[PDB]
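> Submitted below is the structure of interest, expressed as structure tokens.
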Amino acid sequence: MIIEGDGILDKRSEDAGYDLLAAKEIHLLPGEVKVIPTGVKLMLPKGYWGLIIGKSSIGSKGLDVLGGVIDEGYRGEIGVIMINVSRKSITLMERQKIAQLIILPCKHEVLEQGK
Amino acid sequence: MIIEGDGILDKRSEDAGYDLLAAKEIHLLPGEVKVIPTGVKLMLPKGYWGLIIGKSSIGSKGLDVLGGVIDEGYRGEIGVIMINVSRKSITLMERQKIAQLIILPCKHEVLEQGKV
Amino acid sequence: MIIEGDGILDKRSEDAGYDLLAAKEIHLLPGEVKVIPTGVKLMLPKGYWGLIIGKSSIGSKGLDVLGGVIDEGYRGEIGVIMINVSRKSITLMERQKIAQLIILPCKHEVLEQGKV
């Protein structure tokens, strides 16, 4: 798969997703929502979409990743929406692993107004 | 796919999911969960289920979608389970987009007790 | 597929996923994040991965169910990660339904530096 940027890592065949990296150091206040830059662009194969999902490693710190849908046609850089649900401030370091990207098949169908 | 209602919109081939509109206005206090009606009933094709995932514009506001799994065998009105995990109250308006519906392939296996 | 445990239940063919039950009783203090054991091991078919989606019911109960990816290669016990987002402790009871597991296909490819 064609990509641009270095905020993503190759994966084992036995793994479902690619690790996504935080482009820069981020500071999340309590309850704050942030869109974390990864610095990568993707060219997904025709017929598939990218699923941004969290890693147990950072989830276990009170950081939730909000469902991420990457469209086959998206050409901009990937961003990870993250909320700090803890009562204290949290800091993500540069290049730290923040989420996963899973490539799944997507079905296309026109909508008929039936019963 | 056969649908009934107008709380869902068609999509481009480069799109992954069909946007879901809110059928009515919803007010969610911080930490509140509510099912948002869409008024759309649909017939999932054979061998596929539908996954509901939030959109970036709403997610970026502290809103998440809980258990958005639409079964191949389900013909009721689609409702979106939304939770406000932000520190303040947000208001969603009628006809406003709230989620997306991505159709994915089912996979049926028989569970067999055994050594792993 | 080959399973080893009690925490899972067979599904109808029109059902997208299998129910996961809580292995034991768990106390989640206010604001605590815990891994709820299920006591099941898997041998996911080749090429597929397991998606864990929380049960709506438990999200309305002050609990938030996090990242759920069971890798093809993963041979350990399945656990469900959650955080107590309320002001009081919440106990989960044994054999209580806490989420669903859905088997989905997976695409593997080498990452190639190019221009998008």
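Letters A, B, ... go to the chains of the structure tokens in the order shown; residues in each chain start at 1; ligands are counted from 1 in the same order.
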Could you do a least-squares fit of chain B on chain C over every C-alpha atom, in sequence order, and give the output as a compact mmCIF listing (two decimals) with C-alpha atoms, in the first residue's frame?


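And here's part01.txt as it stands now:
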# COMPACT_ATOMS: atom_id res chain seq x y z
CA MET B 1 -14.42 -21.66 15.12
CA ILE B 2 -12.60 -23.59 17.82
CA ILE B 3 -13.03 -22.28 21.37
CA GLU B 4 -11.97 -23.30 24.87
CA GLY B 5 -13.94 -22.19 27.92
CA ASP B 6 -17.51 -21.04 28.54
CA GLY B 7 -17.26 -17.27 28.87
CA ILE B 8 -18.66 -16.84 25.38
CA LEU B 9 -22.02 -17.79 23.89
CA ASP B 10 -23.06 -18.93 20.41
CA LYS B 11 -25.24 -16.65 18.27
CA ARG B 12 -28.06 -16.51 15.72
CA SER B 13 -27.45 -15.86 12.04
CA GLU B 14 -29.17 -12.47 12.44
CA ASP B 15 -26.72 -11.64 15.25
CA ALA B 16 -23.46 -9.82 14.59
CA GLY B 17 -21.40 -10.86 17.60
CA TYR B 18 -20.93 -13.49 20.28
CA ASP B 19 -21.65 -12.29 23.79
CA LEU B 20 -18.84 -12.32 26.34
CA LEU B 21 -19.52 -13.20 29.98
CA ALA B 22 -17.53 -12.03 32.96
CA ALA B 23 -15.48 -14.85 34.48
CA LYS B 24 -15.50 -13.18 37.92
CA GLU B 25 -17.08 -10.32 39.83
CA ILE B 26 -15.63 -6.87 39.09
CA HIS B 27 -16.01 -3.62 41.01
CA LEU B 28 -15.09 -0.44 39.14
CA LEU B 29 -14.85 2.90 40.90
CA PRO B 30 -15.50 6.05 38.76
CA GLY B 31 -12.78 6.50 36.15
CA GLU B 32 -11.24 3.08 36.91
CA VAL B 33 -9.91 0.75 34.22
CA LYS B 34 -9.69 -3.00 34.69
CA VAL B 35 -9.31 -6.01 32.46
CA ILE B 36 -12.18 -8.43 32.93
CA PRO B 37 -11.31 -12.10 32.28
CA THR B 38 -13.63 -14.24 30.16
CA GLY B 39 -11.75 -17.50 30.37
CA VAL B 40 -12.14 -18.05 26.66
CA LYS B 41 -9.30 -18.80 24.28
CA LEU B 42 -10.22 -19.11 20.63
CA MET B 43 -8.80 -19.84 17.20
CA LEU B 44 -9.66 -17.07 14.81
CA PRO B 45 -10.16 -18.38 11.25
CA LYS B 46 -7.61 -17.54 8.59
CA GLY B 47 -7.92 -13.95 7.43
CA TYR B 48 -10.09 -12.63 10.25
CA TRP B 49 -9.57 -10.73 13.47
CA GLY B 50 -11.99 -10.24 16.34
CA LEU B 51 -13.37 -6.92 17.52
CA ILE B 52 -14.65 -6.48 21.08
CA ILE B 53 -17.49 -3.93 21.43
CA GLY B 54 -19.65 -3.19 24.45
CA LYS B 55 -23.33 -4.11 24.69
CA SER B 56 -26.01 -1.43 24.95
CA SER B 57 -27.10 -2.48 28.44
CA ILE B 58 -23.63 -1.93 29.87
CA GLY B 59 -22.74 1.04 27.66
CA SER B 60 -25.93 2.72 28.79
CA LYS B 61 -24.37 2.73 32.27
CA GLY B 62 -21.16 4.60 31.50
CA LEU B 63 -19.01 1.62 30.66
CA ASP B 64 -16.77 1.56 27.60
CA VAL B 65 -14.42 -1.02 26.09
CA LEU B 66 -10.91 0.14 25.25
CA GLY B 67 -8.72 -1.39 22.53
CA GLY B 68 -10.79 -4.49 21.79
CA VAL B 69 -8.79 -5.86 18.88
CA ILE B 70 -8.20 -9.62 18.97
CA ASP B 71 -5.47 -10.59 16.52
CA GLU B 72 -5.65 -13.48 14.10
CA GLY B 73 -2.40 -14.45 15.79
CA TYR B 74 -3.21 -14.64 19.49
CA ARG B 75 -4.05 -17.65 21.63
CA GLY B 76 -4.19 -16.23 25.15
CA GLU B 77 -7.22 -15.81 27.41
CA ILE B 78 -9.53 -13.10 26.18
CA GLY B 79 -9.77 -10.19 28.58
CA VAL B 80 -12.00 -7.16 28.20
CA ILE B 81 -10.50 -3.72 28.92
CA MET B 82 -13.32 -1.90 30.66
CA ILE B 83 -13.45 1.68 31.86
CA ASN B 84 -16.08 3.31 34.06
CA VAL B 85 -16.57 6.84 32.75
CA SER B 86 -19.65 7.35 34.89
CA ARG B 87 -19.71 9.55 38.01
CA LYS B 88 -20.29 6.56 40.32
CA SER B 89 -19.13 3.00 40.99
CA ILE B 90 -20.71 0.00 39.32
CA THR B 91 -20.42 -3.73 40.03
CA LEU B 92 -20.39 -6.39 37.35
CA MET B 93 -21.22 -9.93 38.38
CA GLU B 94 -19.93 -13.35 37.48
CA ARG B 95 -21.42 -14.82 34.29
CA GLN B 96 -22.94 -11.42 33.45
CA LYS B 97 -22.69 -10.37 29.81
CA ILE B 98 -20.21 -7.55 29.22
CA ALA B 99 -19.32 -7.28 25.54
CA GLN B 100 -19.65 -8.90 22.12
CA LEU B 101 -17.08 -10.36 19.75
CA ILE B 102 -17.55 -9.53 16.06
CA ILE B 103 -15.35 -11.38 13.57
CA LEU B 104 -14.15 -9.17 10.72
CA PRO B 105 -11.93 -9.60 7.63
CA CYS B 106 -8.23 -8.72 7.88
CA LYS B 107 -6.59 -6.62 5.18
CA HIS B 108 -2.82 -6.73 4.80
CA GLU B 109 -1.00 -4.05 2.80
CA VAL B 110 2.66 -3.17 2.45
CA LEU B 111 3.53 0.35 3.51
CA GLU B 112 5.35 2.17 0.71
CA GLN B 113 6.75 5.67 1.21
CA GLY B 114 5.36 7.91 -1.50
CA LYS B 115 3.49 10.95 -2.70
CA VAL B 116 -0.17 11.06 -1.67

> Select from chain A every residue with an atom at most 9 Å from any atom of chain C, then for each give the shortest pair of atoms and their distance in Å to one decimal, using only C-alpha atoms, rows by chain and rising number, as a Markdown table.


| residue | atom | partner | partner_atom | distance |
| --- | --- | --- | --- | --- |
| A:1 | CA | C:111 | CA | 5.1 |
| A:2 | CA | C:112 | CA | 4.8 |
| A:3 | CA | C:113 | CA | 5.3 |
| A:4 | CA | C:113 | CA | 5.8 |
| A:5 | CA | C:113 | CA | 7.7 |
| A:6 | CA | C:113 | CA | 8.7 |
| A:8 | CA | C:111 | CA | 8.7 |
| A:9 | CA | C:111 | CA | 7.8 |
| A:10 | CA | C:111 | CA | 5.9 |
| A:11 | CA | C:110 | CA | 7.9 |
| A:12 | CA | C:108 | CA | 8.3 |
| A:13 | CA | C:108 | CA | 6.2 |
| A:14 | CA | C:73 | CA | 4.9 |
| A:15 | CA | C:71 | CA | 5.3 |
| A:16 | CA | C:71 | CA | 5.6 |
| A:17 | CA | C:71 | CA | 8.5 |
| A:41 | CA | C:116 | CA | 6.7 |
| A:42 | CA | C:116 | CA | 6.5 |
| A:43 | CA | C:116 | CA | 6.0 |
| A:48 | CA | C:107 | CA | 8.8 |
| A:53 | CA | C:67 | CA | 6.3 |
| A:54 | CA | C:67 | CA | 4.6 |
| A:55 | CA | C:67 | CA | 5.7 |
| A:56 | CA | C:67 | CA | 5.7 |
| A:59 | CA | C:66 | CA | 6.3 |
| A:60 | CA | C:33 | CA | 6.2 |
| A:61 | CA | C:33 | CA | 7.6 |
| A:62 | CA | C:33 | CA | 7.0 |
| A:63 | CA | C:66 | CA | 8.9 |
| A:64 | CA | C:66 | CA | 6.6 |
| A:65 | CA | C:67 | CA | 7.8 |
| A:75 | CA | C:116 | CA | 6.5 |
| A:76 | CA | C:116 | CA | 8.7 |
| A:85 | CA | C:85 | CA | 7.6 |
| A:86 | CA | C:31 | CA | 6.9 |
| A:87 | CA | C:31 | CA | 8.1 |
| A:102 | CA | C:106 | CA | 7.6 |
| A:103 | CA | C:107 | CA | 5.7 |
| A:104 | CA | C:106 | CA | 5.9 |
| A:105 | CA | C:105 | CA | 7.5 |

> Keeping only N, CA and C atoms, take the residues you just selected and write them out as a short mmCIF file (atom, residue, chain, number, x, y, z; two decimals), in the first residue's frame.


data_model
loop_
_atom_site.label_atom_id
_atom_site.label_comp_id
_atom_site.auth_asym_id
_atom_site.auth_seq_id
_atom_site.Cartn_x
_atom_site.Cartn_y
_atom_site.Cartn_z
N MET A 1 0.84 -1.22 0.00
CA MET A 1 0.00 0.00 0.00
C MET A 1 0.86 1.25 0.00
N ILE A 2 0.44 2.23 -0.80
CA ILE A 2 1.14 3.50 -0.92
C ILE A 2 0.78 4.43 0.24
N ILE A 3 1.80 5.05 0.81
CA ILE A 3 1.61 5.98 1.92
C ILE A 3 2.57 7.15 1.75
N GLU A 4 2.39 8.16 2.60
CA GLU A 4 3.24 9.33 2.59
C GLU A 4 3.39 9.68 4.06
N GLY A 5 4.61 9.89 4.51
CA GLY A 5 4.82 10.23 5.91
C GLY A 5 5.44 9.07 6.64
N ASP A 6 5.87 9.29 7.87
CA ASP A 6 6.49 8.23 8.63
C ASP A 6 5.80 7.95 9.96
N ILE A 8 3.46 5.89 10.55
CA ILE A 8 2.82 4.58 10.51
C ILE A 8 3.86 3.47 10.39
N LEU A 9 3.58 2.32 11.00
CA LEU A 9 4.51 1.19 11.00
C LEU A 9 3.98 -0.04 10.27
N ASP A 10 4.90 -0.80 9.67
CA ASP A 10 4.53 -2.03 8.97
C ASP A 10 4.02 -2.99 10.05
N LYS A 11 3.28 -4.02 9.64
CA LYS A 11 2.73 -4.97 10.61
C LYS A 11 3.04 -6.43 10.27
N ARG A 12 2.88 -7.31 11.27
CA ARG A 12 3.09 -8.74 11.09
C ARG A 12 1.84 -9.23 10.37
N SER A 13 1.98 -10.33 9.64
CA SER A 13 0.88 -10.93 8.90
C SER A 13 -0.17 -11.43 9.88
N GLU A 14 0.29 -11.74 11.09
CA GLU A 14 -0.57 -12.26 12.14
C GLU A 14 -1.30 -11.17 12.93
N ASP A 15 -0.98 -9.91 12.61
CA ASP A 15 -1.59 -8.73 13.24
C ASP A 15 -2.69 -8.16 12.32
N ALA A 16 -3.71 -7.57 12.93
CA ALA A 16 -4.82 -6.96 12.18
C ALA A 16 -4.51 -5.53 11.70
N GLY A 17 -3.83 -4.74 12.53
CA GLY A 17 -3.57 -3.37 12.14
C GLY A 17 -2.18 -2.78 12.22
N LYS A 41 -0.42 10.07 4.98
CA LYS A 41 -1.46 10.10 3.98
C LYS A 41 -1.55 8.68 3.44
N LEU A 42 -2.74 8.28 3.03
CA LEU A 42 -2.94 6.93 2.53
C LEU A 42 -3.63 6.84 1.19
N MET A 43 -3.33 5.75 0.50
CA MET A 43 -3.95 5.43 -0.77
C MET A 43 -4.46 4.02 -0.51
N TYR A 48 -11.75 -1.03 -0.15
CA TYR A 48 -11.51 -1.10 1.28
C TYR A 48 -11.56 0.26 1.94
N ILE A 53 -8.84 2.47 15.34
CA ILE A 53 -9.32 1.90 16.57
C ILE A 53 -8.20 2.01 17.59
N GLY A 54 -8.54 2.05 18.87
CA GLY A 54 -7.53 2.19 19.89
C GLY A 54 -6.68 0.98 20.24
N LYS A 55 -5.62 1.25 20.99
CA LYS A 55 -4.71 0.23 21.47
C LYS A 55 -4.92 0.12 22.97
N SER A 56 -5.05 -1.11 23.46
CA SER A 56 -5.27 -1.37 24.88
C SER A 56 -4.24 -0.64 25.75
N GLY A 59 -5.39 2.89 26.06
CA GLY A 59 -6.75 2.93 26.54
C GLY A 59 -6.69 2.79 28.05
N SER A 60 -5.76 1.95 28.50
CA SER A 60 -5.56 1.69 29.93
C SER A 60 -5.01 2.89 30.69
N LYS A 61 -5.04 4.06 30.07
CA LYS A 61 -4.54 5.26 30.72
C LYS A 61 -5.63 6.32 30.75
N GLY A 62 -6.84 5.92 30.38
CA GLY A 62 -7.96 6.84 30.39
C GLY A 62 -8.05 7.70 29.15
N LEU A 63 -7.57 7.18 28.03
CA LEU A 63 -7.63 7.90 26.78
C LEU A 63 -8.45 7.06 25.82
N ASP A 64 -9.57 7.61 25.38
CA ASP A 64 -10.44 6.89 24.48
C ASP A 64 -10.30 7.45 23.07
N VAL A 65 -10.26 6.55 22.10
CA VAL A 65 -10.16 6.93 20.71
C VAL A 65 -11.57 6.79 20.17
N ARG A 75 -7.52 11.74 0.81
CA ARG A 75 -6.14 12.00 0.42
C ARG A 75 -5.38 12.90 1.39
N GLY A 76 -6.03 13.32 2.46
CA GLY A 76 -5.38 14.18 3.43
C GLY A 76 -4.68 13.35 4.48
N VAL A 85 -10.56 11.09 29.38
CA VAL A 85 -11.64 10.92 30.34
C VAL A 85 -11.18 10.82 31.79
N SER A 86 -9.89 11.02 32.05
CA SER A 86 -9.39 10.96 33.42
C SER A 86 -9.59 12.33 34.07
N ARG A 87 -9.17 12.48 35.32
CA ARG A 87 -9.35 13.74 36.03
C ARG A 87 -8.08 14.58 36.08
N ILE A 102 -6.87 -0.42 10.69
CA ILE A 102 -7.21 -1.72 10.12
C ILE A 102 -7.94 -1.53 8.79
N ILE A 103 -7.48 -2.26 7.78
CA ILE A 103 -8.06 -2.19 6.44
C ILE A 103 -9.10 -3.29 6.20
N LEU A 104 -10.36 -2.87 6.08
CA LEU A 104 -11.47 -3.79 5.89
C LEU A 104 -12.25 -3.56 4.60
N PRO A 105 -12.89 -4.61 4.07
CA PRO A 105 -13.67 -4.49 2.84
C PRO A 105 -14.91 -3.67 3.12
#

> Among chain C, which residues does DSSP mark as alpha helix (DSSP H) when it is run on the backbone? Keep the chain and numbering as in the structure and answer as a PDB file with N, CA and C atoms, in the first residue's frame.


ATOM      1  N   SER C  56     -24.459  -2.138  24.679  1.00  0.00           N
ATOM      2  CA  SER C  56     -25.097  -0.859  24.972  1.00  0.00           C
ATOM      3  C   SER C  56     -25.401  -0.767  26.461  1.00  0.00           C
ATOM      4  N   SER C  57     -26.212  -1.710  26.928  1.00  0.00           N
ATOM      5  CA  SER C  57     -26.638  -1.800  28.315  1.00  0.00           C
ATOM      6  C   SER C  57     -25.620  -1.286  29.339  1.00  0.00           C
ATOM      7  N   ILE C  58     -24.377  -1.758  29.238  1.00  0.00           N
ATOM      8  CA  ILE C  58     -23.327  -1.366  30.182  1.00  0.00           C
ATOM      9  C   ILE C  58     -22.685   0.016  29.959  1.00  0.00           C
ATOM     10  N   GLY C  59     -23.014   0.673  28.848  1.00  0.00           N
ATOM     11  CA  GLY C  59     -22.459   1.994  28.587  1.00  0.00           C
ATOM     12  C   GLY C  59     -23.353   3.033  29.238  1.00  0.00           C
TER      13      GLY C  59
END

> Within 10 Å of region 88-93 of chain A, counting only C-alpha atoms, which residues qualify if same-chain residues fewer than 4 places away don't, as a PDB file with N, CA and C atoms, in the first residue's frame?


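The file below, selection15.pdb, is the result:
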ATOM      1  N   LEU A  21       1.342   6.617  14.700  1.00  0.00           N
ATOM      2  CA  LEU A  21       2.189   7.418  15.579  1.00  0.00           C
ATOM      3  C   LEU A  21       1.799   8.889  15.678  1.00  0.00           C
ATOM      4  N   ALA A  22       1.891   9.441  16.883  1.00  0.00           N
ATOM      5  CA  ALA A  22       1.581  10.847  17.103  1.00  0.00           C
ATOM      6  C   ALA A  22       2.685  11.684  16.451  1.00  0.00           C
ATOM      7  N   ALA A  23       2.301  12.587  15.561  1.00  0.00           N
ATOM      8  CA  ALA A  23       3.265  13.431  14.869  1.00  0.00           C
ATOM      9  C   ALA A  23       4.075  14.307  15.819  1.00  0.00           C
ATOM     10  N   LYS A  24       3.414  14.863  16.832  1.00  0.00           N
ATOM     11  CA  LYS A  24       4.080  15.734  17.789  1.00  0.00           C
ATOM     12  C   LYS A  24       3.580  15.550  19.208  1.00  0.00           C
ATOM     13  N   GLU A  25       4.355  16.058  20.163  1.00  0.00           N
ATOM     14  CA  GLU A  25       4.003  15.981  21.572  1.00  0.00           C
ATOM     15  C   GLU A  25       2.657  16.675  21.758  1.00  0.00           C
ATOM     16  N   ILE A  26       1.753  16.014  22.478  1.00  0.00           N
ATOM     17  CA  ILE A  26       0.407  16.529  22.716  1.00  0.00           C
ATOM     18  C   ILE A  26       0.087  16.567  24.214  1.00  0.00           C
ATOM     19  N   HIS A  27      -0.631  17.600  24.650  1.00  0.00           N
ATOM     20  CA  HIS A  27      -1.034  17.715  26.050  1.00  0.00           C
ATOM     21  C   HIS A  27      -2.547  17.806  26.098  1.00  0.00           C
ATOM     22  N   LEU A  28      -3.168  16.835  26.753  1.00  0.00           N
ATOM     23  CA  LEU A  28      -4.614  16.789  26.883  1.00  0.00           C
ATOM     24  C   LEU A  28      -5.035  17.147  28.297  1.00  0.00           C
ATOM     25  N   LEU A  29      -5.893  18.153  28.414  1.00  0.00           N
ATOM     26  CA  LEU A  29      -6.394  18.570  29.712  1.00  0.00           C
ATOM     27  C   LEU A  29      -7.474  17.563  30.095  1.00  0.00           C
ATOM     28  N   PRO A  30      -7.948  17.604  31.354  1.00  0.00           N
ATOM     29  CA  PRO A  30      -8.991  16.670  31.792  1.00  0.00           C
ATOM     30  C   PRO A  30     -10.269  16.857  30.966  1.00  0.00           C
ATOM     31  N   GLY A  31     -10.798  15.764  30.428  1.00  0.00           N
ATOM     32  CA  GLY A  31     -12.010  15.841  29.626  1.00  0.00           C
ATOM     33  C   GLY A  31     -11.878  16.434  28.229  1.00  0.00           C
ATOM     34  N   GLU A  32     -10.709  16.994  27.911  1.00  0.00           N
ATOM     35  CA  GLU A  32     -10.480  17.608  26.603  1.00  0.00           C
ATOM     36  C   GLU A  32     -10.459  16.630  25.432  1.00  0.00           C
ATOM     37  N   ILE A  36      -5.404  14.342  17.081  1.00  0.00           N
ATOM     38  CA  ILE A  36      -3.960  14.148  17.029  1.00  0.00           C
ATOM     39  C   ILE A  36      -3.468  13.866  15.624  1.00  0.00           C
ATOM     40  N   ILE A  58      -2.838   2.343  25.471  1.00  0.00           N
ATOM     41  CA  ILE A  58      -3.128   3.735  25.832  1.00  0.00           C
ATOM     42  C   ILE A  58      -4.549   3.876  26.363  1.00  0.00           C
ATOM     43  N   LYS A  61      -5.037   4.061  30.066  1.00  0.00           N
ATOM     44  CA  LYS A  61      -4.543   5.265  30.719  1.00  0.00           C
ATOM     45  C   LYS A  61      -5.631   6.322  30.754  1.00  0.00           C
ATOM     46  N   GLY A  62      -6.841   5.921  30.377  1.00  0.00           N
ATOM     47  CA  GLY A  62      -7.956   6.844  30.390  1.00  0.00           C
ATOM     48  C   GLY A  62      -8.054   7.697  29.150  1.00  0.00           C
ATOM     49  N   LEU A  63      -7.570   7.176  28.034  1.00  0.00           N
ATOM     50  CA  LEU A  63      -7.629   7.896  26.776  1.00  0.00           C
ATOM     51  C   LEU A  63      -8.449   7.061  25.824  1.00  0.00           C
ATOM     52  N   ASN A  84      -9.656  12.796  26.758  1.00  0.00           N
ATOM     53  CA  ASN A  84      -9.050  12.404  28.006  1.00  0.00           C
ATOM     54  C   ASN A  84     -10.175  12.305  29.025  1.00  0.00           C
ATOM     55  N   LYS A  97       3.087   5.517  20.038  1.00  0.00           N
ATOM     56  CA  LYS A  97       1.991   4.782  19.397  1.00  0.00           C
ATOM     57  C   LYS A  97       0.661   5.174  20.048  1.00  0.00           C
ATOM     58  N   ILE A  98      -0.275   5.660  19.243  1.00  0.00           N
ATOM     59  CA  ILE A  98      -1.547   6.112  19.783  1.00  0.00           C
ATOM     60  C   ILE A  98      -2.800   5.350  19.334  1.00  0.00           C
TER      61      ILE A  98
END

> May I ask for the distance between CA of residue 82 (chain A) and CA of residue 106 (chain A), given in Å to one decimal place?

24.6 Å

> If you run DSSP over the backbone, which residues in region 30-110 of chain B end up strand (DSSP E)? Put them as a ChimeraX atom specification.

/B:33-37,41-43,48-54,63-65,69-70,79-84,90-92,97-105

> Could you jot down the CA of residue 71 (chain A) to CA of residue 94 (chain A) separation for me, Å, one decimal place?

25.8 Å

> How far is it from CA of residue 50 (chain A) to CA of residue 66 (chain A), in Å with one decimal?

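Between these atoms lies a distance of 13.8 Å.
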